[PDB]
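There are 2 protein chains.
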Amino acid sequence: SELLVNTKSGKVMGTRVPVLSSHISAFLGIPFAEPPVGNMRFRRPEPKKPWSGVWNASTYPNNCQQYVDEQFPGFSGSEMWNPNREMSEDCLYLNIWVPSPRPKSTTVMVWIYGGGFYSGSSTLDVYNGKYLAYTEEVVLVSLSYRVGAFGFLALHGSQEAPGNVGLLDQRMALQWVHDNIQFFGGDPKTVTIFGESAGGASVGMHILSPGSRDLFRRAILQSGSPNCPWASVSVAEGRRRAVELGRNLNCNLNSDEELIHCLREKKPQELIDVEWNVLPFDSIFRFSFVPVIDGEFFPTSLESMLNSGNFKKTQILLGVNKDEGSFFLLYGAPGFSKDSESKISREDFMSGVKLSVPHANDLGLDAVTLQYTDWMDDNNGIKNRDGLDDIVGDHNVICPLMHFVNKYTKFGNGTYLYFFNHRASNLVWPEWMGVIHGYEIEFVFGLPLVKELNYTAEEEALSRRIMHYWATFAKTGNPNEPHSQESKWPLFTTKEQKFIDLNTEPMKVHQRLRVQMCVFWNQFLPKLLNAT
Amino acid sequence: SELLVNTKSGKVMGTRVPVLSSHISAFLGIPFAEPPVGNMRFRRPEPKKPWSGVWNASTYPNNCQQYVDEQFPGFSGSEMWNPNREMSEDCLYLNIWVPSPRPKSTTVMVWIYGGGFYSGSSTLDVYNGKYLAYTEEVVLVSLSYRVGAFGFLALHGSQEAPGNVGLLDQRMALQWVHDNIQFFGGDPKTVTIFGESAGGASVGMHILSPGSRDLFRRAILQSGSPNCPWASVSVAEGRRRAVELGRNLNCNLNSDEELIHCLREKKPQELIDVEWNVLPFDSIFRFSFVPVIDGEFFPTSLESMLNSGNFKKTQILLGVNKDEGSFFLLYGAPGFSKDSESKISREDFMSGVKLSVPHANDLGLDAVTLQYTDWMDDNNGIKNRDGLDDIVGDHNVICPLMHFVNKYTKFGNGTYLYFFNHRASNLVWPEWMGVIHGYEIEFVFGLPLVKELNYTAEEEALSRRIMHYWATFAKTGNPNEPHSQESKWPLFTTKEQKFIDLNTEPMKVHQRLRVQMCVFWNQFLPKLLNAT
Ligand SMILES: *[C@@H]1O[C@H](CO)[C@@H](O[C@@H]2O[C@H](CO)[C@@H](O)[C@H](O)[C@H]2NC(C)=O)[C@H](O)[C@H]1NC(C)=O
Ligand SMILES: *[C@@H]1O[C@H](CO)[C@@H](O)[C@H](O)[C@H]1NC(C)=O
Ligand SMILES: *[C@@H]1O[C@H](CO)[C@@H](O)[C@H](O)[C@H]1NC(C)=O
Ligand SMILES: *[C@@H]1O[C@H](CO)[C@@H](O)[C@H](O)[C@H]1NC(C)=O
Ligand SMILES: *[C@@H]1O[C@H](CO)[C@@H](O)[C@H](O)[C@H]1NC(C)=O
Ligand SMILES: [Cl-]
Ligand SMILES: [Cl-]
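Residue numbers (full-length UniProt numbering), protein chains in the order written: chain L, 25 to 556; chain E, 25 to 556.
If you want it as structure tokens, here you go:
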């Protein structure tokens, strides 16, 4: 039977699913770990114990316990990112989409969801792997991992809550793919890990961590990189936030054991209710429980690792969206609203800068303000709004990714860089938000090929081109079809620094993505803040 | 007799001089002070003792002792700025050009020469007052003042070398105009002081100093302002440089008296030979002996004076040239030559920045570099050359002048701002130097009306327009002809900040002259250097 697969962990039964007039197999909600529940809360995951009988893999699994966005109830723009399944601490599952007929040894793509390490779901409509698996003849896996304090509470020195366990969940899922994907007709020697935002940071974290490098072949990073300022904290900061969480829940704070024990008695939602209280600053684009630079998962600082070449050397494909910062300003910056054009006053700009660069002294804040203010026109509400948008996306996504691409490319074996600047014609978010953080995903997953979703012809065409770039990259380490009349996506080189735009127009090659702004963020501002 | 005038100091006999097919009277080399020689070297000037008989004022006076530019022997571009008369410490004289027939009570314009306080001459071909006096029916005076250590050696506390005596020379000449110009047919209640560079700084210094305010009505500043970073030093720095001069000349350094006595024994040229050795840094656009913030001539710091409105409140007309910095890079920056296009390498740019901002720590230098580097094209030799040109002119001339205009306009009674961006068609300096520091002077003095000098028709027209702007400003406090069909030079206001271009095209009004760069130089960089 096509829907029956015998893995090393036991047999699984899938389901035949329709996709664009054909069908493929789906194996949804396969367990890869023991449920991280009870005394296991905050612990390293354990391998799932093999089961007798047949695992029903016909339906999506629970989503991990997480903060739920209620900022716009019934709005599809925000709700499409929320858990669409029951939340449970029992959430360590993966989903596999397999072409029909079952292949023998096909390219494998493993999706890691974003969500700022505090949210995310593998089961989202926009993460449905059927279009990609079917169109490009890949075995498509989506994994899952603990988020929030559940995945990232970090008390370094303690073995009950060491930190990073969400990353270890991801690694356990990659391990299980490596070990079992062959039975689903995937080639475990040609696995691409790909992810957006926290999932992109995650991808680069597996590239860095010695314990993960051997479990995949190549990597794709969308709108995130391991060195993002929001993606990790020191072991002291992680400890400080863990204790603060404890303080919020009236815990005994005398010892790690007393603290962890107390936090283990609480219901998931009690943790979630106070999670945002532990942030050290008034900030946007900062999340409470994130990866911790521990000396185990990451042996030394991310920067010394990137500088020394202490990471997996392979091919990478990565890039960013035009307007990375708009979501975060909509949600926390004064003067931004969903149903207005959000023209930003001088005062609100100033407040925005403070929220955007929370670790900055006044001199630092003045440097940012000057760098992004048109002083011929400093009261232009559109310029202030767009300047803030750029500040947030440059600082949090684009310039760290550009620092990563530049460090990586010196030691790696091939880099492809994109700039995604097409705004979906059917976006429900306002125009001021532009090409929004996360709105390339639907194109990567092939949603524009579904007529009932109302994209344009040109959007379907763009989607098919991106799916084919991603899948050919995963197959060969090169997004370009060898021997093909199509415009070619050039390698990114240390010297020439080329990238392409990804949009509905004919391909254009550019050099030095946002170089002016990224010299500021990666070289000048850090030196300023260190010296003052 | 038209050429005979009885002043309060004695009678003077002038000479009839040809000018553009007509004639006017010139009274050249009238003494306004006792010769500052011998034991008077470095001292406050003394009023000239009245003379019996008739002073022969038919010929130009000696020029003050000064460094002489030999950087390009026989080149007219540089030699036209050098003393064209014998140098002597006996150099405190003024020149008056008087329309014919002698007027009764006409507008007076008094020219103060620039030259970085270390050089300058009232007798230069380009400072010839006949064209302006004749064309615009003004009485035109050029004064003179001690330069170099002779005018500016400063040992605060000492009465033999207090500092600022060059400024006091200027003031004594303004005093003598105030007292005697009526006999030449000038109105001492309508005297405009005007000057370029050090002469412009000088003009603004008289606007600030309580001891000078009452001696003139209004003021014009060309390419210089009192707050320029090169135009004054602290009393400690002046003292330090005075002692260093003494060290260079093997002087007894035990006391001010011993030092001053030693310096008074030396020949002028001995002082001049070591003058450049006292600068604290490797620098361009820094001069050794300059005005000193003494608490007498300037009662408090220039900045508190500008902020409190502690200055003469009247009308001012002022502005700058497009390429203020090129002269100083030609002469001291590595990679610049007179007979090449001076395309500047990355390394030479970096060296240039260091020479240009000598008081800067490394962070400071990085801030400047970033602000003026196109990082898409950082090896563009033209961009590096022009960037350096802008750095030097912005830091030394334009942004300090813009800080002055903005502070002044809050308390003053009317401001007119220009941006002179026409390159003379007959310039002998290379093209890369653009609209050079000091090359609006020939237009202000009306040299383009002299056919034998080979300007264009349009240049003569521009010159006539500028002469008429300057003279109408001096006459009325407004460069515009009331009731006239000509395009109008708008007032500069705190709010709108308007200025005009001065060139051969039809007049264009702009706002916020070099605002982006001047926020950097006037607000951000000073705060950076103070905090680090
Ligand atoms: C320059 O100063 C004069 C006064 O010294 C100003 O003219 C006065 O303006 C106020 C308000 O418009 C009136 O009440 C007076 O009648 C005016 N006085 C005279 C003598 O006209 C003038 O506003 C100032 N100009 C600028 C540009 O500041
Ligand atoms: C698996 O689960 C689905 C939904 O709960 C159910 O319809 C199906 O019959 C189950 N068992 C199988 C396929 O053996
Ligand atoms: C697509 O278009 C239809 C028909 O015009 C519209 O009713 C519907 O809301 C759209 N469907 C979506 C956004 O899923
Ligand atoms: C004044 O000086 C000039 C030049 O030295 C001379 O020709 C003239 O005769 C002198 N005396 C006069 C005008 O009485
Ligand atoms: C002006 O033009 C003439 C004739 O063409 C030329 O010989 C002379 O050098 C120029 N005169 C100057 C620059 O004074
Ligand atoms: Cl479908
Ligand atoms: Cl003539």
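Don't be surprised by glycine CBs; every beta carbon is placed ideally from N, CA and C.
Using CA coordinates, which residue listed in the options is at the minimum distance from residue i?
{"i": "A81/L", "options": "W121/L, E220/L, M37/L", "result": "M37/L"}
{"i": "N301/E", "options": "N272/E, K499/E, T324/E, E371/E", "result": "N272/E"}
{"i": "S325/E", "options": "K499/E, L232/E, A243/E", "result": "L232/E"}
{"i": "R409/L", "options": "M541/L, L164/L, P503/L, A357/L", "result": "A357/L"}
{"i": "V189/L", "options": "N204/L, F313/L, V132/L", "result": "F313/L"}
{"i": "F305/E", "options": "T83/E, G458/E, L379/E", "result": "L379/E"}
{"i": "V163/L", "options": "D390/L, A50/L, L177/L", "result": "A50/L"}
{"i": "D398/E", "options": "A498/L, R536/L, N106/L, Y155/L", "result": "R536/L"}
{"i": "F428/E", "options": "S247/E, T393/E, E466/E, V392/E", "result": "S247/E"}
{"i": "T393/E", "options": "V377/E, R264/E, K291/E, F321/E", "result": "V377/E"}
{"i": "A57/E", "options": "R40/E, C115/E, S100/E", "result": "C115/E"}
{"i": "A178/E", "options": "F467/E, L526/E, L283/E, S129/E", "result": "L283/E"}
Could you spell out where the beta strand (DSSP E) holding residue i opens and where it closes?
{"i": "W79/E", "result": "78–80"}
{"i": "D525/E", "result": "522–526"}
{"i": "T216/L", "result": "210–220"}
{"i": "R265/E", "result": "Segment 259–272 is the alpha helix (DSSP H) holding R265/E; no beta strand (DSSP E) there."}
{"i": "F443/L", "result": "439–444"}
{"i": "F176/L", "result": "Element bounds for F176/L: not the beta strand (DSSP E) but the alpha helix (DSSP H), 172–176."}
{"i": "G343/L", "result": "340–345"}
{"i": "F51/E", "result": "46–55"}
{"i": "residue 562/L", "result": "Nothing can be reported for residue 562/L, as the shown portion of chain L is limited to 25 through 556."}
{"i": "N30/E", "result": "28–31"}
{"i": "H180/E", "result": "Careful: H180/E lies outside any beta strand (DSSP E) and carries neither H nor E."}
Does residue i have its Cβ less than 8 Å from a Cβ in chain E?
{"i": "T556/L", "result": "yes"}
{"i": "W545/L", "result": "no"}
{"i": "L552/L", "result": "yes"}
{"i": "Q521/L", "result": "no"}
{"i": "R536/L", "result": "yes"}
{"i": "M104/L", "result": "no"}
{"i": "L425/L", "result": "no"}
{"i": "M400/L", "result": "yes"}
{"i": "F548/L", "result": "yes"}
{"i": "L387/L", "result": "yes"}
{"i": "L394/L", "result": "yes"}
Considering just the uninterrupted stretch of the alpha helix (DSSP H) at residue i, what are its terminal residues?
{"i": "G34/E", "result": "Where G34/E is concerned, there is no enclosing alpha helix (DSSP H), although the beta strand (DSSP E) it sits in stretches over 34–37."}
{"i": "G405/E", "result": "405–417"}
{"i": "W135/E", "result": "Careful: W135/E lies outside any alpha helix (DSSP H), inside the beta strand (DSSP E) at 130–136."}
{"i": "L549/E", "result": "549–555"}
{"i": "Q246/L", "result": "No alpha helix (DSSP H) holds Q246/L; the beta strand (DSSP E) holding it covers 242–246."}
{"i": "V459/L", "result": "Looking at the DSSP string, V459/L is not in any alpha helix (DSSP H), and its letter there is neither H nor E."}
{"i": "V429/E", "result": "423–433"}
{"i": "residue 573/E", "result": "The question about residue 573/E has no answer, for chain E in this structure spans 25 to 556."}
Measure from the C-beta of residue i to each C-beta in chain L and report whether the shortest distance is under 8 Å.
{"i": "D390/E", "result": "yes"}
{"i": "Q540/E", "result": "yes"}
Exercise for the section: Specify whether the segment 493–506 of chain L and the segment 368–384 of chain L touch according to this definition: at least 3 beta carbon pairs, one from each stretch, less than 8 Å apart. Expected result: Output reads no: the segment 368–384 of chain L does not touch the segment 493–506 of chain L.
Practice task
List in chain order the residues whose CB is within less than 7 Å of at least one heavy atom of ligand 2.
Solution key: Those residues are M37/L, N80/L, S82/L, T83/L, given in chain order.
Practice task
Please confirm if the segment 87–99 of chain E is in contact with the segment 180–187 of chain E, defined as three or more CB-CB distances below 8 Å between the two stretches.
Solution key: Taking a cut-off of 8 Å for Cβ pairs, the segment 87–99 of chain E and the segment 180–187 of chain E do not touch, as fewer than three such pairs fall below it.
Problem - Sufficient close CB pairs (3 or more, under 8 Å) joining the segment 291–311 of chain E to the segment 338–358 of chain E - result: Output reads yes: the segment 338–358 of chain E touches the segment 291–311 of chain E.
Exercise for the section: Indicate whether the contact test is met: 3 or more Cβ pairs, each with one atom in the segment 226–241 of chain L and one in the segment 192–207 of chain L, closer than 8 Å. Expected result: Yes, the segment 226–241 of chain L is in contact with the segment 192–207 of chain L.
Practice task
Could you tell me whether the segment 280–297 of chain E touches the segment 247–261 of chain E, using the rule of 3 or more Cβ pairs below 8 Å?
Solution key: Because the criterion of three Cβ pairs below 8 Å is not met, the segment 280–297 of chain E and the segment 247–261 of chain E do not touch.
Handout entry: Shell residues, 7 Å Cβ cut-off relative to heavy atoms of ligand 5
Key = That query returns the following residues: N450/E, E476/E, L477/E, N478/E.
Problem - Three-pair Cβ contact test at 8 Å for the segment 505–525 of chain E versus the segment 404–424 of chain E - result: No, because fewer than three Cβ pairs between the segment 505–525 of chain E and the segment 404–424 of chain E fall closer than 8 Å, the two stretches do not touch.
Problem - Any 3 or more C-beta pairs closer than 8 Å across the segment 69–81 of chain E and the segment 105–114 of chain E - result: At 8 Å Cβ cutoff, the stretches do not touch.
Exercise for the section: Would you check if the segment 154–161 of chain E and the segment 121–128 of chain E touch, i.e. whether three or more CB-CB distances between them fall below 8 Å? Expected result: Touching, per the Cβ criterion.
Practice task
Count the CB pairs spanning the segment 433–448 of chain L and the segment 26–34 of chain E that are closer than 8 Å, and state whether there are at least three.
Solution key: These segments do not touch.
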